Structures are given as structure tokens and as C-alpha cells.
């Protein structure tokens, strides 16, 4: 139901360069739109936005080209409260004003508006050319690529017409595109404001919350890395199928969370853009927030559920066909027909529960009634409401004025629904269970004895419908995107340690392949080993799936290689990260004081309640965009091809890394999640906790994921103030070493001379002594004990370093701190884990 002209008008009610001049900005919007159409609903949208405002200006103006003017405008990070100044823009504007004054102002404005109009026209043309039939895809394309093409055009304008250097031009454009929407409260960029106006320009706008469950039972129950990735990615695809409805009916700017801008799924499967291996990463969470017209709410709920069910069923059908064709199931046409029986289709149908809930944004009601019935009543909240009541002179208001609490409310309701629908879930047939998961009925399981059931399946491994879908999914992604993950096995990731696989392939690869051929022709496929574990001599020594004792020759060959280039890495690392109190960040209760959000100069001219800063919807959109930038760009940039980044949607991250790269990667992802700005774009100015679990490759994956999630949720997030890294080493021995450590310790230790000496006895004795010991003296004794002019310096320096490191260790008393620090030291200094 998308009409592109009206959408362009209501969207560009304000110009992108509103920050540049506040005076007569509607006129510039009229010029930009003049290329398209002629410049209502926007009034209602503006009023609804105005209801969220928590200020009364006591009239001051902040503007680059203004004439009472209170100075140039800056940008303030919503979470960080860090101030970002438009340096290049400021300089150029100042020099221009100095040289030609007002004439320069009008001429420059006319030029800039001419450029924005041009770019808008070109983009519109591209949209109409690429998507002739469908207006929805057109608007999606325009909304997506407009700020980009604008950035390129402004960069060209600065480089050519203004004769600026490459760096200065890039800065000029990046600062131009990321201008604020309200110079008084530069929490958010102009684009998020445009998005909100367009979203709220619809009749009876309502807030829609979507949740798809279960995440963990589906994901964490994986036996293979490929199955894990498949699970995460399939979940993300389900969320994309859900959001596709919203994008179709309304547009991408209607989705508050997650932000759809630069989303690989949105770009590839909707805008048809050609995408690389970045599509392999799962960037969409299982929770979503959108703005939808009130009349069409239920219809859209049914439509989302319908699309998800249908997609899953088609996926299952294609899966069945694939399985029958490639020999995954050795079956005849009658049985193939039986594979699609109502029971299995029903399993597929009812596995995923989708809870959609909504609340009208513009239906007036008592603020206090809403919050009290909700139970969201703090001392701060009461003041926050009182200010609104006094400002609007009305006790009852549109509930959008209580937007943050509303979201909370919605979440609550959603949660309950999740339970209810789960209670009314039909029991599953009684039968033999899937060999992969062990919780779902296997196909043919109800109809056959276990032996016969085993005979029907490849490698004697019966599959449930969901696991069959899960097995077919990588082929499906390969067909739809031309992409497959670089590392299929967990051993693939483990062997990245010190480039062991590359070095070994280069030196002894062909010989290992040939001797493998000597043992059997099954082990070698496409001149490569069919499985990576065949790189280990142990696999050949014992368990295999007889043959001549030539296998032993291979083994000795491998052992010889191990003598020459070192032993192969049998350990890998699971990195699971999550943001600290993210919900409280979004609601804004943790974020702190409201005063910091205002431009410093107008602090006196504006009246503000003595209460917490609860997030306006534009702030929510801003933060969503920040999380999208982080997950889509930064995390993937850090991991690169050093490992496998399975999932990255907003705050939470899931990746499999080699043991050497794990700590660096985790620390750098945390560092980048710390940054407030990268170029023009925003980043989360916040903190996250993580869990790193080092596991032997033979260990069952589901248990490893369990212990990793355990490390993150029960260890790292249970520390006051959080922001901790929980490192666990689970040796084949069965011994489990856990160390709780602050992020800085990684950097300090990497810088420490202690590391240099350690890499090029002590730790064991320290752990032995701590338990019985009654401490700085106790430490000093041992440091002196294990470590001629040089030695006093080295003892003093390493004791100093240990003293520094102990500070960053998560322990409540020094006994704890030493135990943790030296547990960490035990973890790194393991000859088995770090050859």
C-alpha cells in the first residue's frame, strides 16, 4: 500500500540540511521535492513527535547560518554523552562567512539544495528503472541508498567545486550526512527523525513487537559447526521473513529494531544487490520492533505467521526432495510421499512459536493509570510523568508520551504470550528420536523398528524434520547466494593456530593425501582429506570409519611431521559476547542525566524535569542504528578470515576462533563496541561482557556451547558492574579452569614483560600456596623465588606487573585475585593448548 510520491513528501518534510539553516527550511524541502512532486498527515506526525518531547523552552536558535543565535551546533552521543564537533564544516562555514557573509550563505544554501535535489532525482530514477512494477522495492531502494549517493555527491562537490583534499572532502561529506535533527538536543541524526515522521504519518500508528522462540533449544543443540551456523542463520532468515511483511506494507523506516539499513539480508533478498560472504553472518535478532497502522495490525500478525509457516514448509519440501535425490534417504516414491504426512508437516509447523503483540501509540489514556497498572513506578518515573502532565496541561495523553515504559509493557505482554502458545502445543507422535538432536521424532520413526529405520537413512543416521531442514539449509544458502562458510568443521578453525594447516599442506600435504590413498580411496576426495580430523595421527591410530597396517605408516609419517613443524592444535575457542543491561540502556534508566543531552549553550533557556532521561523513539532508532553498524561492519572487520563469525545481531556475538586469535579478537570487538564514533556514523558508546571457552575438538559441541553460555551468563554477568571476560579451559583431562578477568588485563598482559619471559613452575606453586597462605609479601616471596644487575630490575618489574594485573582481575579479595590471575596464566601457558 505504498505510494512513492506522498512517501517522499512526508519523509522529506524536513531537509537533510536542516542543521545548516533552521530559517525557512520548508522552502529548501520544497526545492528538493520540486524535482519529484509538490509539497496534512505530517502535522499529526509532528504533533505525536512533539508529545514525546520533555522540555519547555523559556527564543534561542542554534544554527550554522543563523541570525537569538546561540552558536554553532555539535553532536552528542546518546549513550556516551561524548561531544562530536563538525570541524571541517565549521572551518569552511567560518571562512566563507568571513569572506562574503550573507551572500555566501544564500548562494551556498541554493547550491547545496540544488545538489540534494539532483541526487534525489537520480536515485528516484534508478528506483523507477530497477523496480518498475513494485513501489515498495522502489521506496526501499531510495530510503536505503539516498544518504549514500548523497555522501558521494557531496564528496564530489567538495573535491571538485570547493577544491578540498581527499581527506577533507571525505570528512566534509561524512559530517554533512550526519547532521543533527534538533540542534538543541543533538541526540539523533536527521535521518532517524525523517524515519519517525514517515512512520507516524499513518492513521492510528501503533507499536508492534515480534518475538520468535525457541532460540537456545534450536541453536545450542548442535553437534556440528555447520549445524550451529545453519541454525543461527535460519533463525535470522525467519526474522527477515517476518520483517519483509513490514517493509512491503509500509517500508524499512517503519522498523525501529533491528535497523534495516545496510543489512545484508535486506540488500540481497529485497533490493537484489549482489552481496559477498558477509551474507553468511547472521545479523538479525529474534526480537523486533516496528510501527504499523492500527487497522491493519491483526492482518499483519496473521500474515507474518503465515509467511514463516509457509517458508518453513517449502524449505522442508525442498529438503525432502534434496534428501531423496542425493541419497540422504534411500527411499521409494510411496515412502517419499509418506515423508510429507500431516505429522511431520505438523512438527515443522509447530516447532517455532511467533509471538506478535501491539499497542496503539496515539490513543489517549491516563499516564499514571498505564504505568501503575504496568507496575513501572519509580521515584524518578513519577517526576518524569509529572513534567509531561504539567507541560500538556492534560492528565491523559497519547501513550506515545510514555514510549520507553510502553516498550517495557509490550515486552512483558509478549513474554506471557510466548508461554501460553507453548502450553497449547500438540503432543508429538511416539517414535524413535532423531539421531542428531534426540528431542524430536525422526522421519519414519513411528512406522519402523530401529534397525529398519537406520537402514533407510544415510550413514545409519535417522533425521527429524527440523534437523533435515537444518541439514539442507547450507545447500539452500549456497543456491540462493552462491556462498558457503570458509570453515565447515570445528577442526578447520582449530587448525588455524599458528598457520599449522597452511604450513603442513605446503610441506607434507600431497604426501599425506597419497598415503591416505594407500590406506583407502574413501579418505581422499577431490585430492583433499574428506575430514579434517585426518590431519591428526590419533584418528588413524585408533578409531576409524578393516584395512592393512599401512595406516601405521601414515601415522609415523604424521608423527615425523609433528617432530619437524610441531604438534597440531587440538583445541579451539568459543567466543560468546553480550551487552550489559541492554534493555535498561534502551529504556534509558542507566544512561543517566538528561542535561548532558542538551547543547551546552542552551542549558539555561530550556526547562527540564528533575528525573532520569528516558529514551525518545528517535534515540531508540539511533541506538538501533549504532548496534547495526557495530554488528554488520565492525565485528566482521575484526574477525575477518581469522575464524568463523556465526552470529552478530546487535549486542550479542557468537564466533569460533583459533586459540591464539581468541583473546585478541574478543578484546578488539569489545574495544570497537566501546567507540562512540567511526567516521560520520555512530557506534555504541557502551560496554559488554563475554565468555571464552577453550575446548578439545573431540568434546561434544552442545556441551561446549552450554558451558560457554554458562561462562557468560552465570560468571561474567554476575560480577557487579559487569564488563568482564570469563575465560574457561576445559581440558580432555576433565579439569575445568575458570578465570574472571577485566578487559584491560588482556592489553596490559600483552604489553607485560611477564608475557615475554613466559613465552621465551611458577604458576603451579602460586596456586598451591594461595589456598593455604594467610599476601603481597607472600607474592613477593614467590616472585623472588622463581625470577646479575638485571635480576633485581626483573624481579621488581614483574612484581609490579603482577600487582597491576591483579587490579584488573575479578576477585573480591587478594586471595581471589591471585587465584584468578594465575589461573589465567595457567590457561595461557599450557603446552597442550598452546603448542
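Positions refer to the first chain, counted from 1.
- The modelled chain breaks between residue 39 and residue 40, where 4 to 9 residues of the deposited sequence lack coordinates.
- Coordinates are absent for 4 to 9 residues of the deposited sequence placed between residue 787 and residue 788.
- Stretches 48-56 and 802-810 differ in mean C-alpha B factor, with the higher average recorded for 48-56.
- For the two regions 722-730 and 599-607, the entry's Cα B-factors average higher over 599-607.
- The PDB entry assigns the greatest CA B-factor among 465, 643, 264, 117 to 117.
- When the Cα B-factors of 376, 683, 639, 701 are read from the PDB record, 376 comes out highest.
- Placement of the Cα temperature factor of residue 717 within the chain: lowest third of the modelled residues, per the deposited record.
- The PDB entry assigns residue 825 a C-alpha temperature factor belonging to the lowest third of its chain's modelled residues.
- Placement of the Cα temperature factor of residue 406 within the chain: middle third of the modelled residues, per the deposited record.
- Per-chain ranking of the deposited C-alpha B factor places residue 655 in the lowest third.
- In this PDB entry, residue 483 carries a Cα temperature factor that places it within the lowest third of its chain's modelled residues.
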